[PDB]
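Participant: One structure coming up, written as structure tokens, with questions to follow.
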Amino acid sequence: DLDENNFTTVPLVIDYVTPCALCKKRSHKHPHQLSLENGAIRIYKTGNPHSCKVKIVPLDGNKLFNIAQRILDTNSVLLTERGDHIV
Amino acid sequence: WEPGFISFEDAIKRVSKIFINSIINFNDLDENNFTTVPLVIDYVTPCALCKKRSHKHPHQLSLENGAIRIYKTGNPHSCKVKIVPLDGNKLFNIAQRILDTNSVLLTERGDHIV
């Protein structure tokens, strides 16, 4: 059911065949929901999550590869016919 | 404020990452108000400051001895304190000092004369 749009509204349903890894209980009184802020996809329970813990997964795809791409696209390093880079 | 610590933007991104939660007046942060403005948290999840639904008081971040310190106003009993440092690769600041003395050069023949 999950799509790109349904991000911070739809609940995520979990059939706790085993105890929840978030809070080590037999099951949850309410499903979990996902949020996006400052480059993190936070995990939390819906309702009163005092006996719950927020988990975050960061979305940063190799910061150094992004910088490499930016420096490259600025067109300041070139590979010449002789094998020498010129900057 | 010293030009050796970090840019302001990196500091605010670090603190916003450490709240694990949003800030209503995040875009309202300016250069004039650094520690004088308490921070409102859109408590849309359980807190990470003390694993509570919401704090009845705001959180104030303070600067001392080259570090921003964050804590809760009022009753810091069911809470804790987090300290974040500001030192922008002290080795780079050292290396930039050494060039200020003008005591190492580069020569057309290709080697540095110290």
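In the structure tokens, chains take the letters A, B, ... in the order shown, each chain's residues start at 1, and ligands count up from 1 in the order shown.
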Using only C-alpha atoms, which protein or nucleic acid residues come within 10 Å of residue A:34? Drop anything in the same chain fewer than 4 positions from it, and give the result as a VMD selection string.

Facilitator: chain A and resid 6 to 12 40 to 46 55 to 56

Participant: Do you know which residues are at most 12 Å from residue A:24 counting only C-alpha atoms, after dropping those on the same chain fewer than 5 positions away, and could you put them as an mmCIF file with N, CA, C and O atoms, in the first residue's frame?

Facilitator:
```cif
data_model
loop_
_atom_site.group_PDB
_atom_site.id
_atom_site.type_symbol
_atom_site.label_atom_id
_atom_site.label_comp_id
_atom_site.auth_asym_id
_atom_site.auth_seq_id
_atom_site.Cartn_x
_atom_site.Cartn_y
_atom_site.Cartn_z
ATOM 1 N N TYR A 16 2.441 -7.992 15.088
ATOM 2 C CA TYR A 16 3.538 -8.323 15.994
ATOM 3 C C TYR A 16 3.518 -9.822 16.276
ATOM 4 O O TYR A 16 3.090 -10.286 17.335
ATOM 5 N N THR A 18 6.129 -11.448 16.793
ATOM 6 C CA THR A 18 7.059 -11.461 17.915
ATOM 7 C C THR A 18 6.939 -10.132 18.654
ATOM 8 O O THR A 18 6.214 -9.242 18.190
ATOM 9 N N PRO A 19 7.593 -9.961 19.805
ATOM 10 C CA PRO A 19 7.547 -8.659 20.480
ATOM 11 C C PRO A 19 8.088 -7.539 19.604
ATOM 12 O O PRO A 19 8.985 -7.735 18.781
ATOM 13 N N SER A 51 5.899 4.591 26.846
ATOM 14 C CA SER A 51 6.552 3.286 26.775
ATOM 15 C C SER A 51 6.903 2.946 25.333
ATOM 16 O O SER A 51 6.619 1.865 24.822
ATOM 17 N N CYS A 52 7.546 3.905 24.673
ATOM 18 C CA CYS A 52 7.970 3.786 23.291
ATOM 19 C C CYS A 52 9.213 4.642 23.115
ATOM 20 O O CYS A 52 9.495 5.534 23.920
ATOM 21 N N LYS A 53 9.966 4.373 22.056
ATOM 22 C CA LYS A 53 11.147 5.170 21.777
ATOM 23 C C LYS A 53 11.145 5.552 20.307
ATOM 24 O O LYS A 53 10.833 4.732 19.441
#
```

Participant: Considering only C-alpha atoms, extract the chain B residues located within 8 Å of chain A and return them as a PyMOL selection string.

Facilitator: chain B and resi 13+16-17+21-22+45-46+48+51-53

Participant: For the selection you just gave me, I'd like the residues written to a file as a PDB file, in the first residue's frame, keeping N, CA, C and O atoms.

Facilitator:
```pdb
ATOM      1  N   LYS B  13      22.059  23.416  12.575  1.00  0.00           N
ATOM      2  CA  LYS B  13      21.671  22.102  12.079  1.00  0.00           C
ATOM      3  C   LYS B  13      21.990  21.018  13.101  1.00  0.00           C
ATOM      4  O   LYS B  13      21.207  20.079  13.283  1.00  0.00           O
ATOM      5  N   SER B  16      19.269  21.288  15.883  1.00  0.00           N
ATOM      6  CA  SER B  16      18.000  20.776  15.386  1.00  0.00           C
ATOM      7  C   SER B  16      18.042  19.270  15.229  1.00  0.00           C
ATOM      8  O   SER B  16      17.013  18.605  15.375  1.00  0.00           O
ATOM      9  N   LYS B  17      19.211  18.713  14.922  1.00  0.00           N
ATOM     10  CA  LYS B  17      19.326  17.263  14.879  1.00  0.00           C
ATOM     11  C   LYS B  17      19.286  16.669  16.279  1.00  0.00           C
ATOM     12  O   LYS B  17      18.858  15.525  16.462  1.00  0.00           O
ATOM     13  N   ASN B  21      13.375  16.508  17.143  1.00  0.00           N
ATOM     14  CA  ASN B  21      12.015  17.002  16.981  1.00  0.00           C
ATOM     15  C   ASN B  21      12.067  18.415  16.426  1.00  0.00           C
ATOM     16  O   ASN B  21      13.086  19.102  16.521  1.00  0.00           O
ATOM     17  N   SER B  22      10.942  18.846  15.860  1.00  0.00           N
ATOM     18  CA  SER B  22      10.916  20.079  15.094  1.00  0.00           C
ATOM     19  C   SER B  22      10.968  21.297  16.011  1.00  0.00           C
ATOM     20  O   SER B  22      10.882  21.200  17.237  1.00  0.00           O
ATOM     21  N   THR B  45       6.041  14.039  19.078  1.00  0.00           N
ATOM     22  CA  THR B  45       6.445  12.680  19.423  1.00  0.00           C
ATOM     23  C   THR B  45       6.848  12.652  20.892  1.00  0.00           C
ATOM     24  O   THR B  45       6.914  13.711  21.528  1.00  0.00           O
ATOM     25  N   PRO B  46       7.098  11.479  21.478  1.00  0.00           N
ATOM     26  CA  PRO B  46       7.681  11.453  22.822  1.00  0.00           C
ATOM     27  C   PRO B  46       9.025  12.159  22.840  1.00  0.00           C
ATOM     28  O   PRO B  46       9.800  12.094  21.885  1.00  0.00           O
ATOM     29  N   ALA B  48      12.875  13.224  23.687  1.00  0.00           N
ATOM     30  CA  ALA B  48      14.155  12.582  23.945  1.00  0.00           C
ATOM     31  C   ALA B  48      14.911  13.264  25.067  1.00  0.00           C
ATOM     32  O   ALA B  48      15.957  12.760  25.492  1.00  0.00           O
ATOM     33  N   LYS B  51      12.039  11.534  27.730  1.00  0.00           N
ATOM     34  CA  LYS B  51      11.009  10.557  27.359  1.00  0.00           C
ATOM     35  C   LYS B  51       9.664  10.905  27.997  1.00  0.00           C
ATOM     36  O   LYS B  51       9.022  10.076  28.647  1.00  0.00           O
ATOM     37  N   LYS B  52       9.239  12.146  27.801  1.00  0.00           N
ATOM     38  CA  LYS B  52       7.989  12.670  28.322  1.00  0.00           C
ATOM     39  C   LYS B  52       7.129  13.168  27.168  1.00  0.00           C
ATOM     40  O   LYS B  52       7.632  13.482  26.086  1.00  0.00           O
ATOM     41  N   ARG B  53       5.813  13.199  27.394  1.00  0.00           N
ATOM     42  CA  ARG B  53       4.901  13.695  26.369  1.00  0.00           C
ATOM     43  C   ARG B  53       5.273  15.107  25.936  1.00  0.00           C
ATOM     44  O   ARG B  53       5.330  15.400  24.736  1.00  0.00           O
TER      45      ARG B  53
END
```

Participant: Identify, with DSSP run on backbone atoms, the residues in stretch 4-114 of chain B assigned to alpha helix (DSSP H), and express the list as a list in words.

Facilitator: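 Output for stretch 4-114 of chain B, alpha helix (DSSP H) only: residues 8, 9, 10, 11, 12, 13, 14, 15, 16, 17, 18, 90, 91, 92, 93, 94, 95, 96, 97, 98, 99 and 100 of chain B.
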
Participant: Please run DSSP on the backbone and report, as a short mmCIF file (atom, residue, chain, number, x, y, z; two decimals) with N, CA, C and O atoms, in the first residue's frame, all residues within chain A that come out as strand (DSSP E).

Facilitator:
```
data_model
loop_
_atom_site.label_atom_id
_atom_site.label_comp_id
_atom_site.auth_asym_id
_atom_site.auth_seq_id
_atom_site.Cartn_x
_atom_site.Cartn_y
_atom_site.Cartn_z
N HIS A 32 2.19 2.47 14.17
CA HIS A 32 3.29 3.43 14.11
C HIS A 32 3.19 4.29 12.86
O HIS A 32 2.63 3.88 11.84
N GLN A 33 3.75 5.49 12.95
CA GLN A 33 3.66 6.47 11.88
C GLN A 33 5.04 7.07 11.63
O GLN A 33 5.88 7.12 12.53
N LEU A 34 5.26 7.54 10.40
CA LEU A 34 6.57 7.97 9.93
C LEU A 34 6.55 9.48 9.71
O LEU A 34 5.56 10.03 9.23
N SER A 35 7.66 10.14 10.03
CA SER A 35 7.75 11.58 9.84
C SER A 35 9.09 11.94 9.24
O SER A 35 10.09 11.25 9.44
N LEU A 36 9.12 13.05 8.49
CA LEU A 36 10.33 13.53 7.84
C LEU A 36 10.67 14.92 8.34
O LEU A 36 9.85 15.84 8.23
N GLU A 37 11.88 15.07 8.88
CA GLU A 37 12.35 16.35 9.38
C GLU A 37 13.87 16.31 9.39
O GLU A 37 14.46 15.27 9.70
N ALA A 40 15.75 13.21 8.36
CA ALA A 40 15.58 11.96 9.09
C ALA A 40 14.13 11.49 8.97
O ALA A 40 13.20 12.29 8.92
N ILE A 41 13.96 10.17 8.93
CA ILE A 41 12.65 9.55 8.87
C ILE A 41 12.38 8.94 10.24
O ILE A 41 12.78 7.81 10.52
N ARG A 42 11.70 9.70 11.09
CA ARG A 42 11.49 9.31 12.48
C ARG A 42 10.44 8.21 12.59
O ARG A 42 9.47 8.18 11.83
N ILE A 43 10.64 7.31 13.55
CA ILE A 43 9.72 6.21 13.83
C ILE A 43 9.11 6.47 15.20
O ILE A 43 9.84 6.74 16.16
N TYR A 44 7.78 6.40 15.31
CA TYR A 44 7.14 6.66 16.59
C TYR A 44 5.79 5.96 16.65
O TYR A 44 5.25 5.54 15.62
N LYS A 45 5.25 5.86 17.85
CA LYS A 45 3.94 5.26 18.09
C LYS A 45 2.87 6.33 18.07
O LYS A 45 3.12 7.49 18.41
N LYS A 55 12.76 6.23 16.88
CA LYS A 55 13.92 5.85 16.09
C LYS A 55 13.97 6.72 14.84
O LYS A 55 12.94 7.09 14.28
N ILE A 56 15.19 7.04 14.42
CA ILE A 56 15.40 7.87 13.24
C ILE A 56 16.32 7.14 12.28
O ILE A 56 17.29 6.49 12.70
N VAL A 57 16.01 7.21 11.00
CA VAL A 57 16.90 6.77 9.93
C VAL A 57 17.27 7.99 9.09
O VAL A 57 16.37 8.67 8.58
N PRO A 58 18.54 8.32 8.96
CA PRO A 58 18.93 9.50 8.18
C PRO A 58 19.01 9.19 6.69
O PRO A 58 19.36 8.08 6.28
N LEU A 78 39.27 18.91 -15.76
CA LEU A 78 39.15 18.33 -17.09
C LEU A 78 40.23 17.30 -17.28
O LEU A 78 41.35 17.46 -16.79
N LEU A 79 39.92 16.23 -18.00
CA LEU A 79 40.90 15.22 -18.34
C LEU A 79 41.37 15.47 -19.76
O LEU A 79 40.56 15.48 -20.69
N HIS A 85 45.19 15.69 -15.71
CA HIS A 85 44.09 16.53 -15.30
C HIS A 85 44.56 17.97 -15.22
O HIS A 85 45.68 18.23 -14.80
N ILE A 86 43.72 18.89 -15.66
CA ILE A 86 44.01 20.32 -15.55
C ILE A 86 42.90 20.97 -14.75
O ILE A 86 41.72 20.74 -15.01
#
```

Participant: Please compute the atom CA of residue B:86-atom CA of residue B:103 distance, one decimal, in Å.

Facilitator: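 Atom CA of residue B:86 sits 28.2 Å away from atom CA of residue B:103.
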
Participant: What separation in Å, quoted to one decimal, exists between atom CA of residue B:36 and atom CA of residue B:60?

Facilitator: 7.9 Å

Participant: Find the residues near residue B:4: any atom within 9 Å, counting only C-alpha atoms, skip ones fewer than 2 places away on the same chain, and give them as a PyMOL selection string.

Facilitator: chain B and resi 1-2+6-7+86-88+90+93
